[PDB]
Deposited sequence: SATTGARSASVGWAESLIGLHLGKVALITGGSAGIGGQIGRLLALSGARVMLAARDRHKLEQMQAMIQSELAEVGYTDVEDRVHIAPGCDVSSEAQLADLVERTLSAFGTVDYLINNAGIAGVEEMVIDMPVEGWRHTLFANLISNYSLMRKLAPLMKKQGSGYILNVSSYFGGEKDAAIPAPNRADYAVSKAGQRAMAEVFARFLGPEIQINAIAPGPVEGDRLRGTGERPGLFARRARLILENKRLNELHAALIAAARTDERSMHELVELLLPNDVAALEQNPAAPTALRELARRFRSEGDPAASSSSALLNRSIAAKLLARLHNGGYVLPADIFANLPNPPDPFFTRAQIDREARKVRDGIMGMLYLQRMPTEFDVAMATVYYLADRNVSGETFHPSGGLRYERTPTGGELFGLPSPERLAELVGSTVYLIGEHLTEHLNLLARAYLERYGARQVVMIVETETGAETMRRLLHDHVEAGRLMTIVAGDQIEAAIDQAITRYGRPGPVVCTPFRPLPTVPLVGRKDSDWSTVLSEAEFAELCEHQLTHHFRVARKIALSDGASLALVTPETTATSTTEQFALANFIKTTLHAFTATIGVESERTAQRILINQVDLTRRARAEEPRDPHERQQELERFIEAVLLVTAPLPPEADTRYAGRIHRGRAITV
C-alpha cells in the first residue's frame, strides 16, 4: 500500500553513485533508487544541501519500513566533478562505503558560460567540457573495470534535449558549451555500448524541458543590447571614414537622446538610439543610456577579437546608468515569451516535474535489455532539427565556383597532409584563388606542407604560418599579413588515438584510453574547432568548414567509434553557432564536413574519396553571388 510500493525491491541489491545528487533530477533519482532498495552515494559540492537531502531520504526510508537507513544513503560533499583528483576521491569513498558500484548515474551538470560563442572565453568552454562531459568518461573509466569483472554494470548519462538526437542536431544559441557537453554525453552512450557489452549497459536519458525564467530573460535582454550595439558599429564603419576607435567615442556620453540628435554621428548609430528610445521602457535606464560597464566590456572584447584597435581603458569613464537597467516589466515580458515559446513546443502542453522524470528513469533502469540508447523520459517537442550525415552531393554551381577567383583561402591542419595538399591545389590550380595561407601546428608540419606544395611556395601562392597552441594569434597574423579569408577550412591538427576503449575482464585496463587522453581528445577534436570558429565568426565574408577526423581501411574499430563520437558532438556546436551568426553584422557561414562515413566498409578509390572531400568543401566554401 502506498506509491513507493511500486518501487520496493525494484533495485534491491544494487549500489548506485549519483553525481549532482543534492537537488533537482539527481536528488530525486537518488531518493527513488533508495526507496527501490539500492544503496546510494550522493555526490555534490555543498555539504549542507547534501546533508538535508540525505536526512530527507533516510527519513522516508524508515517511514516505509527500512531499518539501518544510515547504511543505505551516504554522501560525498565537496565533490567538484570538474576536478579529476576529486573524481578519484569520490570513487575511493564510494568503494570503501559500499564495494563495487552497479549504477553510475552521471547527472551533475553546470549551466556553463551562457554566452554566444564569440563572447565565450576559451577557458570557460573548457571548464564546461570538464564538468559536464569529461567527468562522465572519467567516472566510467574508474568504475567499468570492476563492473566488467563482476559481470554486470550500468552507466547512465543524464543528457538533455539540448544535446540533440541520434541523427539530428539542435541549435542551442548562447549555450554552445552546454549543448556540446550534452551531445557528448549521448554520443558516449551511442558509441561505447558495443565495447562495454555484454556486461555493462550504457544509455543516456534526454529529458525535454522540466519544471525562474527571469534570470534567463535578463540575459536575453542584455545580450540583445550587446548585439544591437555591435551590429550598428560594424554597419556604421562600412560607410564612415572614421576609425572604430573614433566611432566608439561617440558612445562615451552614454546618452540615447544625445546620440539620436548628434548630427556628427553615423545614421546607423542615430537610428539605433531612436530604436532604444522608441522601443524602450521610460523607467528603464536602458531607454536613456546606451550601455553599462558589463555590456561595454563584452563589446570591447568583440571589437578587439575582430582586429579593431582601441585602448583598453576606452570605457573607464563611462557613466553608470541607474538601476533598473531593464525594468521588471521588461524582464517579466521576455520571461513570459520564453515560457510561452517552450510551452508551445510541447506536444503535451505541460512540462514534467523533476519527480516525474526521475520516476520514469528509475523504472527504465530496471530494463536489462537496452544499451546504446537515449531514453526520453519526457519529450514530444516541435523544435526543428538538422539531419546529420546526408551523403549524395556534387560540385556547387559554376556561378558560385567562379566567385573563388582571386579569393584568399585559409587551410588549418597538420595530420591530414594529403587532404591539405589536394585542397590547396584545387583552390589555386582549378578555381583561381589568389593565395592559400597554410596554418599548421609545428615547424615539422610546416616543412611537410612546404615540401608538398613547393611549386606554389616558390610562386608566392602558398604561405605557411606555425600556430602551435596559439591558433588565435596565428589567425591574426594571417589577417594582418595576407588579408581576410573567404574559404576557411579547419581540419584537426592531431590524428585520433590508437588505444583500446575497454579492457579485458581480468586485466588492469592500464592501456585503455585514460581520463587525461579523453580530455586531450576533446581538446584536439572539439576545442580546436571552437577556437577557430570563435575568431572566424568575427571575420566578415568568411565561409568556415569544420572538418571532423578521418578513418581509413587501416583505422581501428576504436578509431571509428571515436570519429563518430566527435561527429555527433561537433554537430551540436555547428548547429548552434550557425544560428548565433545570424545576430552579427559580419557575414559568415559555418558548416561541418565529416570525413568518416556511416559504414566502416586501392589508389583509385582513395583519390575519389579525396575528390568527394574536395567537392564537399567547395559546396560550403564557395560564396553565393551577392
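- Counting the deposited sequence from 1, the stretches lacking C-alpha coordinates are 1-10, 222-233, 624-627, 653-670.
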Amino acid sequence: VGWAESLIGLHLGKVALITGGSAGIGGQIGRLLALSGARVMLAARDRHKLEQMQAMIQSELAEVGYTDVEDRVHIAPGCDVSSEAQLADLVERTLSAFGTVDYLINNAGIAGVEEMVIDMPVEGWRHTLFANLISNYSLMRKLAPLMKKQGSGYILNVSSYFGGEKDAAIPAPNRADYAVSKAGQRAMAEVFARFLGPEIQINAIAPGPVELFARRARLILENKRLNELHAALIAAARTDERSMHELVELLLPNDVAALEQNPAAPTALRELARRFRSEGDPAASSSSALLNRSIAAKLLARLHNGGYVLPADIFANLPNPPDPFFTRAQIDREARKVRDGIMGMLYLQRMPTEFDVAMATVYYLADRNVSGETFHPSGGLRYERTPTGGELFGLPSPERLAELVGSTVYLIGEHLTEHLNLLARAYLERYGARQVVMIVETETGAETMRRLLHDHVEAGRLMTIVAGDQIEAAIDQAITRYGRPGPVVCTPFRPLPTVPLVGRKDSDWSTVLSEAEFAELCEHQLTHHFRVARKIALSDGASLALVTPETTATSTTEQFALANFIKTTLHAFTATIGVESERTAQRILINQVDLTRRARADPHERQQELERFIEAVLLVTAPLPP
From here on, numbers count along this sequence of modelled residues.
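- Across the two stretches, 251-259 and 472-480, the PDB entry reports the greater mean Cα temperature factor for 251-259.
- Annotation for 338-346 versus 172-180: the higher mean temperature factor (C-alpha) is found in 338-346.
- The residue among 377, 109, 413, 432 whose C-alpha carries the highest B-factor in the deposited model is 432.
- For the set 398, 163, 197, 485, the maximum C-alpha B-factor listed in the entry falls on 398.
- For residue 21, the recorded CA B-factor ranks within the lowest third of the chain. Only modelled residues enter the ranking.
- In the PDB entry, residue 372 places in the lowest third of its chain by CA B-factor.
- Annotation for residue 578: C-alpha temperature factor in the middle third relative to the rest of the modelled chain, per the entry.
- The deposited CA B-factor of residue 308 belongs to the middle third of values across its chain.
- Among the modelled residues of its chain, residue 618 has a C-alpha B-factor that falls in the highest third, as given in the PDB entry.
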